[PDB]
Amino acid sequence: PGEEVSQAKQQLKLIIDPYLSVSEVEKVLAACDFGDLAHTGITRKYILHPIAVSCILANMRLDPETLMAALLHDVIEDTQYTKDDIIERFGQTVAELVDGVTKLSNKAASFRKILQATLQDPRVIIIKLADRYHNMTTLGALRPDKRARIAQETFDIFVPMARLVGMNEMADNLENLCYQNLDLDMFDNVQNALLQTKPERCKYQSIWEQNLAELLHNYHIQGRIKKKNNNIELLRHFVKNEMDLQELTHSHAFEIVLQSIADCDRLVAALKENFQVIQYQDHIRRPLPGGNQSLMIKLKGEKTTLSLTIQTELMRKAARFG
C-alpha cells in the first residue's frame, strides 16, 4: 500500500539529512510527494523506481536540484501535466533537467544525443547513469538472452560514459553487474578464484607496500603508499582470459601520494630502472575530462604485476572532494 511509498521517502531522508540543509531537505521531499500525487501505480508498480534512483544519487552527495529532477521522472511527457515543474516550487532548473532526461529516453543519433547532453549539463547524464544502475539490479526476472542484451548496451555505452563524467566508482559497480548478466558462469568461476586467492594476494600486497616504501626511501622520494582494491581489473581480465592462479595471486594496485609533480616524474624514472613498463598514461600534463590528474603506470616485476596511480597531495584532494 502507501506504507511502501512513505517508507521509501524516509530511506531517502536518512541519506540527505547528513549533508543537505533542512530548507533543501524540505524541497527534495516536496518533489517526492508531488511525484506520488501525479502517480497511480497501474503499471505493475511507479513512484518508488524514481525514489530508488534518487537514493543512488543522494548517496553520491548530489545537489538538491538533481534529486528533485530524478523524483519527477516522466512527469511532463507521461503524466497529465507539462511545463508544470517551472510553475511548481521545483522551478526552471528542475523542469530543464526533467526534460533533458526524457530527451535521452537509430544507433548513431543516440550517441550524438548522449554526447550533446554531457556538454549541456552533466547532471542529465548523472541522472541517466543512476537510472541504468538501478535497472541492472532489477534485471533478474528477464530471460537470459534479454538480460545479456541490456548488459551489453550498458557495457558499451554507460560504463565509459560514467568514467567520462568522473563517476569511476559508479562505473566499476555498473561494469560488475554487466559481467554478471553477460555470463553468470564466467563471473562465478572468476569470483571463486578471486575468493580462493584472496588471503595470499593480501599477504603479497602488504609485501609490495613495503617494497615500494623501500624504493621511495632508496631513491630519496617522500611519499605515502595506499593499498588499492583491484577486483574489477582482475575480473575484467579473467572473464576473457584463461585462469592463472599465480598471476591472479600476484597482481596488486597501489596509490602513491607525493608532494610535487617533480617527485612524480622522479618516481616514474626510478620505477623504470627496477621494473618492466607494461603501460604508461600521463594525466598530469593532459588531465582527464573533469580535471582529475595522476600518472598511471603498469609494471612487471618478476611474477608480480603492479598497477600504480601516482599523484600529489593536492591532486588527490581535488579528485576526492572537488
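Numbering starts at 1 and follows the sequence shown.
Sequence continuity check, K45 and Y46 (deposited residues unmodelled) | Per the deposited record, the segment joining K45 and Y46 lacks coordinates for 4 to 9 residues.
Is there a break between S105 and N106, and how many deposited residues does it span: none, 1 to 3, 4 to 9, or 10 or more?
-> The entry has 4 to 9 unmodelled residues between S105 and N106.
Residue stretch of maximal mean CA temperature factor, 222-230 vs 143-151 = Comparing 222-230 with 143-151, the higher average CA B-factor belongs to 143-151.
Comparing 255-263 with 49-57, the one whose average Cα B-factor in the PDB entry is higher | In the deposited entry, the stretch with the higher C-alpha B-factor mean is 49-57.
Identify, among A162, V124, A130, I86, the residue whose C-alpha carries the highest B-factor in the deposited PDB entry.
-> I86 has the highest C-alpha B-factor of those listed.
Would you mind finding, among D185, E77, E214, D244, the residue with the largest C-alpha temperature factor in the entry?
-> In the PDB entry, the greatest C-alpha B-factor among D185, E77, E214, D244 is found at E77.
Which third of the chain holds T309 when residues are ordered by C-alpha B factor: lowest, middle or highest?
-> CA B-factor rank for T309: lowest third.
Among all modelled residues of this chain, ranked by Cα B factor, put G91 in the bottom, middle or top third, i.e. lowest, middle or highest.
-> Highest third of the chain for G91's C-alpha B-factor.
Just say lowest, middle or highest third for the CA B-factor of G100 relative to the other modelled residues in its chain.
-> It falls in the top third of the chain.
So where's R112 on the chain's Cα temperature factor ranking, which third?
-> For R112, the deposited C-alpha B-factor lands in the middle third.
Pull the Cα B-factor of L29 out of the PDB entry and bin it into the chain's lowest, middle or highest third.
-> It falls in the top third of the chain.
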